[PDB]
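Undergrad: I have a structure I would like to understand better, so I am pasting it below and will then ask my questions one at a time.
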Amino acid sequence: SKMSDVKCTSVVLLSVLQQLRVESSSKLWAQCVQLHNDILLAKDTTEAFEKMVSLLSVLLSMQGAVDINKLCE
Amino acid sequence: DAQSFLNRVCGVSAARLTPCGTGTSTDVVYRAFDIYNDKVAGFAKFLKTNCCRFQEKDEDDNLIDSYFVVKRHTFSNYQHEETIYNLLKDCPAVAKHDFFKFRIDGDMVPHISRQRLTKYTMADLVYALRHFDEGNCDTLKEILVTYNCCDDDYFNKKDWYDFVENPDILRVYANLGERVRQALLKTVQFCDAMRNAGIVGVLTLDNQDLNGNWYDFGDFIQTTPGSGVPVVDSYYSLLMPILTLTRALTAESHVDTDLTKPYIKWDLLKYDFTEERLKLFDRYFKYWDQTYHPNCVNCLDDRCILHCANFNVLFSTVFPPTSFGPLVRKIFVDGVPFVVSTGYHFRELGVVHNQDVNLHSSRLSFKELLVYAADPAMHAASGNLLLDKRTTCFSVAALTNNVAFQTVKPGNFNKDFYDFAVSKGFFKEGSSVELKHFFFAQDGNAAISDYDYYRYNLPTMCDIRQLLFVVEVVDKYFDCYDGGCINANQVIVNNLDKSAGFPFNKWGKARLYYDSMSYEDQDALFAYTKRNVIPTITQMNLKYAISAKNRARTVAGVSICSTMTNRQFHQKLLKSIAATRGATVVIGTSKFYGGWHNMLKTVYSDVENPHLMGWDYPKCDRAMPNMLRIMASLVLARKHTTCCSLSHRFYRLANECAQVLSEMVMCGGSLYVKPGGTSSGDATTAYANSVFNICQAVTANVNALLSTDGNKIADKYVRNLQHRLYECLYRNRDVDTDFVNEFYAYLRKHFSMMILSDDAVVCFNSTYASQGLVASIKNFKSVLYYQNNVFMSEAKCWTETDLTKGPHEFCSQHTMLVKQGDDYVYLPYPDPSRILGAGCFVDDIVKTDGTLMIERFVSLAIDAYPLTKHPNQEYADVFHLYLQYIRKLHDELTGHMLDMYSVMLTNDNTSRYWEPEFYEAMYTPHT
Amino acid sequence: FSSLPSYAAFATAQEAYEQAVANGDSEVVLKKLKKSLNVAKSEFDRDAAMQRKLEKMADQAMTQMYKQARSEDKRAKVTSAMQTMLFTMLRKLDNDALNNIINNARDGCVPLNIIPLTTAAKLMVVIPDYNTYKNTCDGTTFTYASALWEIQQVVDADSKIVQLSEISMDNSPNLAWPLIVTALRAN
Amino acid sequence: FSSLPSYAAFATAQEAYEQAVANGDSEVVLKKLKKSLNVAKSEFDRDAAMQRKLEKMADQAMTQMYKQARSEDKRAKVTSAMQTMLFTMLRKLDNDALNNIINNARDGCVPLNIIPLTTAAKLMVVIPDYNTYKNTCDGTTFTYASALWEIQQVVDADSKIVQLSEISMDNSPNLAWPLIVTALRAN
RNA sequence: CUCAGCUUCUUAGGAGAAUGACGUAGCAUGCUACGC
RNA sequence: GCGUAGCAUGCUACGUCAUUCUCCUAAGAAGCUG
Ligand SMILES: N#C[C@@]1(c2ccc3c(N)ncnn23)O[C@H](COP(=O)(O)OP(=O)(O)OP(=O)(O)O)[C@@H](O)[C@H]1O
Ligand SMILES: [Mg+2]
Ligand SMILES: [Zn+2]
Ligand SMILES: [Zn+2]
C-alpha cells in the first residue's frame with residue numbers, strides 16, 4: 001500500500017504549505033500546485049515519490065516556518 | 001474507338017486528357033446526392049453510373065484539378081438540355097457544356113460533355129462536413145488537400161479533426177471560405193440568369209461543382225422570360241452549417257470585399273446595421289423566398305424568430321464585436337445625468353429597443369434602483385479600460401483598480417478514516433478499488449482559465465429547414481406538461497440564503513432582495529421586463545468540489561433581477577417537468593424507493609430489439625450554440641399561449657438572451673463578454689439542457705433516416721416515412737401536425753429516450769439502427785460535429801447489448817440487476833472510488849473530526865449500499881467499511897460525551913445506522 | 001395558572017368538594033360535588049385552551065411584526081447603499097469625453113463596449129507571458145484603441161511593483177506572471 | 001421513569017388493585033379501584049411525558065454544546081495539527097529520499113530552491129558546519145536527496161567563492177560559515 | 001461561493017387515524033324509593 | 001305495565017390528557033446528481 005499513501009501525504013503537505021502563506025508567492029504556489037496535481041495524477045510510484053521529494057523540499061526551503069527539530073523527534 | 005471518342009471530347013477547348021474510363025465506358029463511384037423524386041428522397045450517398053469522366057493535364061504532364069465529364073442519355077433529355085443550355089449560355093456561372101453525337105456499333109448515342117468541372121461537387125463537401133465519420137473520411141481529406149487548405153501530411157497529427165484538442169482545424173476549414181463564398185455568388189448569378197431567361201427548376205447541391213459552375217439542366221421546365229422560380233430551399237438550407245464552419249463570409253469584412261485589402265473601419269458609434277444585414281441577404285441569399293427581418297422584434301411567431309436569428313448569427317460575424325452589447329443613453333433623473341441601457345444589439349435577434357424610456361424622471365423607487373444597479377452601463381462606463389491578454393473573449397472594463405487572483409485550496413484530509421480503511425485491508429497494491437477522486441488545487445489564474453474555456457463556443461449557423469422541424473418534434477416531447485406565467489406570490493424558491501450575483505452581493509444575500517420588495521413591486525419588475533430589455537452582470541464563481549479531473553468548474557451566479565423574473569416566467573413549467581413520471585425528461589424522479597427500476601422499465605417501452613446507448617456532451621454549456629439555446633428558450637416559452645402576447649414573449653426571450661446567452665461576465669474583478677452558450681446558473685439550465693439534448697437526438701434521427709439510400713429500405717412504411725419527412729423538411733413551409741405526430745410516434749416506438757440535462761440513455765431498436773432507419777452513435781457524432789462544433793470521442797459514448805445489465809452509466813451511477821424480494825430489480829451503485837474519496841477527503845476541517853459528523857457517513861452509506869451485492873468483494877466491502885466506521889464513530893462519541901459531560905445518550909434510534917436493514921429499506925418500492 | 005374567572009369557580013368547587021367529602025362520604029352530597037368539580041374542570045380546560053391559543057396567536061403576530069420592521073429597515077438600508085453607489089459611479093465617469101462621444105451619436109444611443117474604449121483614461125493590460133509583453137506593449141509608451149498610452153506602473157501577480165527595465169527575456173522567469181501594467185491616456 | 005412522585009400513586013393504587021384481584025370482593029370495588037388506577041395512570045403518564053421531553057431537551061443541549069466546543073477546538077488547533085500529521089505520515093512512509101532530505105534539513109542543511117527533477121538543473125543548498133559537509137559532500141560529488149550532484153561553486157556566506165581545497169578538516173574555523181553549495185543533477 | 005432535482009437526520013407547528021384514561025350531554029336494557 | 005330520581009351494563013355525540021402512526025407547513029445540519 002506504498003502508492004496510495006503518497007497521494008494523501010501530498011494532500012496534507014500542500015495543505016500545510018497553504019497554511020504557511022505560500023499562496024502569496026504566485027510562482028511558488030504555481031509550482032507547488034503543479035507538483036500536487038501531478039502526484040495525484042500519478043499512475044507510477046517513482047514519479048510520485050520524486051514529486052513528493054520536490055514538494056517537501058519546497059516545505060523545507062522555508063527557514064523557520066516549520067520547526068523540523070521539534071517535530072521529527 | 002477510344003481515341004476517336006477521346007479526340008471528340010477534347011474539342012475546341014484544345015485540352016490534353018487522360019481517361020479514367022476503361023474503354024469509353026460509364027464510371028461508377030460513390031457521390032452524395034440531394035435527390036427527391038417519385039421513388040425516393042433524402043440527402044444520401046448513391047452510386048453514380050451515367051457518365052464517363054476524363055481528367056485534364058496541364059503543361060509538364062501533371063493532372064490538373066479539372067474534369068471533362070460526359071453524360072450519356074436518350075435523345076429526349078439531350079434535346080431538352082440543348083435548349084435549356086443554349087438559353088443559359090450567356091451566364092458566366094454555368095459550366096461550358098458541349099453536345100454531340102457518337103457512333104458505337106450501329107446507332108447514334110448523344111453525349112452531353114460537361115467541360116472544366118471539378119472532381120467533387122458541392123454536395124460532396126457538404127456531406128463530408130455534415131456526415132462526418134472518423135473511420136472513413138476520404139472525401140474530406142481529398143477536398144482539403146486538393147484546394148491548398150492544408151498539407152497532405154497534416155492528417156498524421158494525433159487528432160486532426162477535433163475542435164477541442166487542436167483548434168487549428170478551424171483555420172484549415174476556414175481556408176475553404178472563399179470557395180464557398182464564390183459558390184454562393186455564382187449560384188446567385190445562376191438564379192438571376194434563369195429568372196431573366198424564364199426557366200423554372202430546382203437547385204440541388206450535387207449539381208454545383210466546387211468552383212461554382214452549375215452543370216445539370218435535366219428537370220428545368222421553361223416558362224416565359226422574367227418568370228423563373230429557382231427552388232433554393234433544399235440548397236441554401238443544406239449549405240447552412242458549412243457556411244459558418246468554413247467562415248464563408250469572412251471576406252465581407254474587407255473594403256470592396258477583396259481579401260487582400262485591409263479591414264473596413266466601421267465607425268465605432270454605429271449600432272444599427274439593418275442596412276448592411278439587408279444588403280448582405282439580398283447579395284447572397286437573394287432568392288430565399290421567406291421574408292427576412294433583420295431585427296427580430298418584428299417577427300411573426302416562434303418559427304420566424306428562429307429563421308431570422310439563424311440568418312443573423314451568420315450576418316453578425318462580419319460586423320465588429322465592439323458594436324454589439326447594450327446600447328446606453330443619458331437619461332436625466334432630477335437633473336443628474338445617468339448612463340442607462342435603453343436597448344440591446346443582440347448578435348442574433350438584431351436590435352431591440354426598450355418601450356419604457358422616461359428621461360427627466362424625479363423619484364427612483366426600489367424597482368428602478370434595482371434595474372439601474374444591475375445594468376452594466378454604469379459599471380463598465382465608470383470603469384477603466386482593460387486589455388486582458390490571458391483570454392480570447394472580449395473585455396469591457398476593470399471595475400476595480402487591480403486584478404484579483406483566486407486560488408483553490410487543496411482539500412482537507414480525514415486521517416482517522418483513512419487509517420481505519422487501511423487497517424481493514426483497503427488501498428492495497430493492485431486492488432479493484434482505489435482512491436481516484438481527489439480535491440485538486442489550482443494556481444492563481446484558474447478562474448480566468450476556466451472562463452477562457454469559452455473559446456470552444458463558435459458562431460454556428462443551424463440548417464433552418466431542419467431545425468424548424470426538429471423544434472416541432474422536440475415540442476411533442478414537452479406536450480405532456482403545462483405551464484404559464486405565475487404571479488409573484490406563487491413562486492417557490494428553495495433557499496433564500498444564496499448569493500445574488502453582481503453587484504447585489506455587496507449588500508446581502510437573495511433573502512434581502514426577496515423580502516425587501518413587496519409582491520406588487522416584485523410583479524411590476526416582471527411586467528417591466530416583459531416590455532424592455534435589462535442587461536445584467538453575471539459573476540463566474542469557482543466550485544470547490546471533489547472530482548477525478550483537475551478542471552476548475554466555474555458556475556455562473558446570475559444577478560437577482562434575472563433569476564427573480566425567470567422564476568415567475570418558468571416556475572410553473574419547471575415544476576410540471578419535475579413532477580411528471582414516465583416522461584422522457586426524468587427530472588424529479590428519485591433513484592431511491594425503486595425509482596430507478598421504474599426509470600429503466602419505462603425506458604424499455606416495447607422496443608423490439610433494444611440496444612441501449614448513451615452519450616455525454618463534452619463541455620455541454622461551453623459549446624452549446626447560440627441558436628440551440630435560443631430554440632430551447634422558445635420551446636419552454638411556448639406554454640404561454642394566453643398569459644403573454646407575442647411581443648411580451650419576444651421581450652422575455654430578449655431578456656433571457658441578454659442575461660444568459662451573451663452577457664457581461666464579471667470573472668474576477670473585470671467585465672468580459674461571453675461569446676455565447678448557456679450560463680449554468682440561471683433558472684432554466686437543467687431543463688434548457690434537456691431540450692437541447694432532445695433536439696440533438698431528434699436531429700440525429702432525422703439525419704440517419706434521410707441519409708439512407710431509399711431503394712434499399714425493404715420496409716415500405718419507412719420508405720414512405722422518409723419520402724414524407726424530406727418533403728416536410730424542405731418542401732413545406734407550414735407545420736404538418738399529423739406528420740409531426742406520426743414521426744414522434746415512430747421515435748417513441750423505435751428510439752425510446754431517457755434524458756436528464758446532458759445525460760441521455762436511448763434504448764433504440766437494434767435492427768433499424770443497423771439498417772440506418774434510426775440514429776446510432778456515428779449518426780450522433782456527426783450531428784455534434786456539424787451543430788455543436790465538438791467531436792464526441794468514444795470515451796463519452798457507450799453502447800450496451802445485454803439489457804439485463806442495464807445502462808453502462810447514467811448520472812455517474814452504474815446499474816446492476818439484483819435479487820430483492822423474489823423479483824429482480826435494477827439497483828444503481830456509484831463508483832467505489834468516489835465513495836472512498838468522499839470519505840477520506842473532505843471540504844472543511846471541522847468535518848474531518850467525524851465524531852460530530854455522523855449524519856454524513858449515514859448519507860454516504862445510503863448511496864454506497866447497492867455495492868453490498870456487487871459480484872466483486874472489494875466493491876462490496878466499501879459498504880461494510882462505512883457501517884463499521886459509523887459504529888466506531890458512535891462508540892467514540894458516547895465515550896467522549898461521557899468523559900466531558902456525564903450523559904449516556906439515548907440509544908435504540910442510533911442503532912439503525914450500523915445495520916443494513918435501514919439502508920436496504922431505501923431501495924424498496926414501498927414508498 | 002390562577003387567572004380568568006374560570007379558575008375562581010374551579011377553586012371554589014374544589015374547596016367545596018374537599019369540605020363536603022368528609023361530611024358526606026357518598027350519595028347526594030358526593031354526587032353533586034363530583035358533578036360541580038367535573039363541570040368546573042371542563043370550564044377551566046376550555047379557558048386554558050382559549051388562552052394557550054390567543055397567547056400563541058399574539059406571539060406569532062408580534063414576531064411577524066418584528067420581522068416586517070427589520071425587513072423594512074433592510075430595504076431602506078440597501079436602497080440607500082445602492083443610491084450611494086450610483087452617485088459614486090455617476091460622479092466618476094468622464095463627463096467631458098463621454099458627453100463628447102454621445103453628442104456626435106446619431107440617435108443618442110452608443111454601444112456600451114465603446115464607452116470605456118474611447119473615454120477611459122486608464123488601461124490595465126494583463127500579460128500572461130513575456131512574448132506577449134514584447135509584442136503588445138513594449139517600451140514606456142504603446143498604442144491601443146488607436147490611442148497612445150504611456151506606462152505608469154507594472155505590478156506582478158504578487159502585487160509587487162516591477163520596474164520597466166527589470167523585464168527582459170533573460171530575467172523573464174524570475175518574475176511572477178501575469179503582469180498587470182497600468183497605462184494612462186497620453187492624448 | 002419510576003423516579004417521580006406520580007409513580008408512587010401508580011404503586012399504591014396498583015397495590016390495592018392486586019389485593020383486589022385475589023380478593024374479588026365485588027364489582028363495585030373493582031370499578032372504584034379501576035377509576036383510581038386510571039386517574040393515577042393518567043397523572044403518571046403526563047409526568048413521564050414531561051420527564052422524557054425534558055430529558056430529550058437536555059440531551060439536545062448537551063450534544064449541541066459538545067459539538068460547538070469540539071468544532072471550536074479543532075478549528076483553533078489546526079496550524080500545528082496539520083504539521084504533526086504531515087510528519088507522522090512522512091516518517092511512516094519510510095522512503096530513502098524523503099528520510100534523507102528531512103534528516104539533512106534537521107541540522108540546518110536546508111535547500112535554497114526546489115530540488116530539481118530534470119536531467120541537470122541548479123540547486124543551492126546551505127551547509128552550516130563542516131560535519132555536514134563531510135557527511136554529504138565529497139570532492140565534486142554531493143549526496144543530497146539520494147542523488148549525486150556535481151559541485152560547481154561553494155559560495156561562502158560573504159559571497160566569496162571558496163576553492164574546494166580550502167575546506168578540509170581543521171581549516172574550517174578560519175572560514176566563516178554557513179556555505180551555500182550549488183549543484184546539478186548527475187544521472 | 002449559482003440554477004434544479006433527490007435523499008438522510010434533528011426540532012417547532014397544523015391536520016387526520018388508532019389505542020388507553022377522565023369528564024359532560026343524549027339514547028338502549030337491569031334493579032330499589034316516590035308515583036299512578 | 002308506564003313515568004321521575006338514584007345505582008349497574010351497553011351505545012351515540014362532544015370536551016380534555018397521553019402514546020403510536022401517517023400526511024403537510026416551516027426552520028436547522030448533511031449527502032449525492034446534472
Ligand atoms: N445543469 C447543468 C450543468 C451543471 C453541472 C454542474 C452544475 C452546477 N453546479 N450548477 C448548475 N449546473 N451545473 O450540467 C452540464 C454538464 O455537467 P457535466 O458534469 O457533464 O460537465 P460537462 O459535460 O460540461 O464536462 P465534461 O463532460 O467534459 O466532464 C453543465 O454544462 C451545466 O449546464
Ligand atoms: Mg457531459
Ligand atoms: Zn422575421
Ligand atoms: Zn408567459
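Starting from 1 in every chain, residues are counted up; chains themselves are A, B, ... following the order of the C-alpha cells, and ligands are numbered from 1 as listed.
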How large is the C-alpha RMSD when chain D is optimally fitted onto chain C, using all Cα positions paired one-to-one in sequence order?
TA: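 The fitted C-alpha deviation between chain C and chain D is 13.7 Å.
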Undergrad: Can you work out which residues are within 7 Å of ligand 3, considering only C-alpha atoms (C1' of nucleotides) and all ligand atoms, and then hand them over as a list in words?
TA: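 Those residues are residues 291, 292, 293, 296, 298, 299, 300, 304, 305, 307 and 308 of chain B.
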Undergrad: What do you get as a list in words if you pick all residues at most 7 Å from ligand 4, counting only C-alpha atoms (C1' of nucleotides) and all ligand atoms?
TA: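 Checking only C-alpha atoms (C1' of nucleotides) and all ligand atoms against ligand 4 at 7 Å gives residues 484, 485, 569, 637, 640, 643, 644 and 649 of chain B.
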Undergrad: Mind writing the picked residues with N, CA and C atoms as a compact mmCIF listing (two decimals), in the first residue's frame?
TA:
# COMPACT_ATOMS: atom_id res chain seq x y z
N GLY B 484 -47.19 28.33 -17.43
CA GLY B 484 -47.57 29.69 -17.78
C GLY B 484 -46.94 30.67 -16.82
N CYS B 485 -47.33 31.93 -16.96
CA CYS B 485 -46.84 32.97 -16.07
C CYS B 485 -47.56 32.86 -14.73
N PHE B 569 -41.47 33.55 -14.70
CA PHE B 569 -41.79 33.16 -16.07
C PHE B 569 -41.88 31.65 -16.22
N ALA B 637 -40.97 28.44 -23.67
CA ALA B 637 -41.83 29.61 -23.62
C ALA B 637 -43.03 29.50 -24.54
N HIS B 640 -46.87 29.64 -22.95
CA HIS B 640 -47.51 30.92 -22.69
C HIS B 640 -48.28 31.37 -23.93
N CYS B 643 -51.27 33.81 -21.46
CA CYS B 643 -50.83 34.80 -20.49
C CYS B 643 -50.10 35.95 -21.16
N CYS B 644 -49.22 35.65 -22.12
CA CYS B 644 -48.35 36.63 -22.74
C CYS B 644 -48.70 36.79 -24.21
N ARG B 649 -43.75 37.78 -25.20
CA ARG B 649 -42.89 36.61 -25.26
C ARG B 649 -41.56 36.95 -25.93
Undergrad: Going by DSSP on the backbone, which residues of stretch 545-657 of chain B come out as strand (DSSP E)? List them as a ChimeraX atom specification.
TA: /B:554-557,610-616
Undergrad: Residues as selected, N, CA and C atoms, written as a PDB file, in the first residue's frame, can you do that?
TA:
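The result, stored in part-v4.pdb:
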ATOM      1  N   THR B 554     -16.458  26.260 -13.178  1.00  0.00           N
ATOM      2  CA  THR B 554     -16.968  27.572 -12.816  1.00  0.00           C
ATOM      3  C   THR B 554     -18.472  27.610 -13.038  1.00  0.00           C
ATOM      4  N   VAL B 555     -19.172  28.251 -12.110  1.00  0.00           N
ATOM      5  CA  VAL B 555     -20.627  28.327 -12.113  1.00  0.00           C
ATOM      6  C   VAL B 555     -21.026  29.791 -12.182  1.00  0.00           C
ATOM      7  N   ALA B 556     -21.990  30.097 -13.043  1.00  0.00           N
ATOM      8  CA  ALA B 556     -22.320  31.476 -13.390  1.00  0.00           C
ATOM      9  C   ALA B 556     -23.444  31.979 -12.497  1.00  0.00           C
ATOM     10  N   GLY B 557     -23.083  32.516 -11.336  1.00  0.00           N
ATOM     11  CA  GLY B 557     -24.069  33.129 -10.470  1.00  0.00           C
ATOM     12  C   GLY B 557     -24.679  34.352 -11.119  1.00  0.00           C
ATOM     13  N   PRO B 610     -34.023  -4.029 -28.290  1.00  0.00           N
ATOM     14  CA  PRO B 610     -33.369  -2.924 -27.583  1.00  0.00           C
ATOM     15  C   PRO B 610     -31.856  -3.063 -27.588  1.00  0.00           C
ATOM     16  N   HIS B 611     -31.175  -1.927 -27.717  1.00  0.00           N
ATOM     17  CA  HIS B 611     -29.718  -1.885 -27.604  1.00  0.00           C
ATOM     18  C   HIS B 611     -29.370  -0.531 -26.996  1.00  0.00           C
ATOM     19  N   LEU B 612     -29.198  -0.492 -25.680  1.00  0.00           N
ATOM     20  CA  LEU B 612     -29.017   0.786 -25.011  1.00  0.00           C
ATOM     21  C   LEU B 612     -27.787   1.511 -25.542  1.00  0.00           C
ATOM     22  N   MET B 613     -27.895   2.831 -25.632  1.00  0.00           N
ATOM     23  CA  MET B 613     -26.757   3.689 -25.923  1.00  0.00           C
ATOM     24  C   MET B 613     -26.822   4.906 -25.019  1.00  0.00           C
ATOM     25  N   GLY B 614     -25.690   5.580 -24.884  1.00  0.00           N
ATOM     26  CA  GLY B 614     -25.633   6.773 -24.063  1.00  0.00           C
ATOM     27  C   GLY B 614     -24.473   7.651 -24.468  1.00  0.00           C
ATOM     28  N   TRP B 615     -24.669   8.954 -24.280  1.00  0.00           N
ATOM     29  CA  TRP B 615     -23.689   9.945 -24.698  1.00  0.00           C
ATOM     30  C   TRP B 615     -23.618  11.051 -23.657  1.00  0.00           C
ATOM     31  N   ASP B 616     -22.404  11.508 -23.366  1.00  0.00           N
ATOM     32  CA  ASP B 616     -22.168  12.674 -22.527  1.00  0.00           C
ATOM     33  C   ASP B 616     -21.537  13.770 -23.373  1.00  0.00           C
TER      34      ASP B 616
END
Undergrad: Could you give me, as JSON lines, a per-residue list for chain E showing, wherever an atom lies at most 12 Å from an atom of ligand 1, the closest pair of atoms and their distance in Å to one decimal, using only C-alpha atoms (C1' of nucleotides) and all ligand atoms and sorting by chain then residue number from low to high?
TA:
{"residue": "E:1", "atom": "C1'", "partner": "ligand 1", "partner_atom_place_in_ligand_line": "9 (N)", "distance": 10.8}
{"residue": "E:2", "atom": "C1'", "partner": "ligand 1", "partner_atom_place_in_ligand_line": "10 (N)", "distance": 6.2}
{"residue": "E:3", "atom": "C1'", "partner": "ligand 1", "partner_atom_place_in_ligand_line": "11 (C)", "distance": 5.3}
{"residue": "E:4", "atom": "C1'", "partner": "ligand 1", "partner_atom_place_in_ligand_line": "1 (N)", "distance": 7.3}
{"residue": "E:5", "atom": "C1'", "partner": "ligand 1", "partner_atom_place_in_ligand_line": "1 (N)", "distance": 10.1}
Undergrad: Create the file for the chosen residues now, containing C-alpha atoms (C1' of nucleotides) and written as a PDB file, in the first residue's frame.
TA:
ATOM      1  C1'   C E   1     -19.210  30.675  -3.301  1.00  0.00           C
ATOM      2  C1'   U E   2     -25.023  29.936  -8.969  1.00  0.00           C
ATOM      3  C1'   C E   3     -29.765  27.001 -11.029  1.00  0.00           C
ATOM      4  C1'   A E   4     -32.530  22.334 -10.262  1.00  0.00           C
ATOM      5  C1'   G E   5     -33.733  17.747  -8.550  1.00  0.00           C
TER       6        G E   5
END
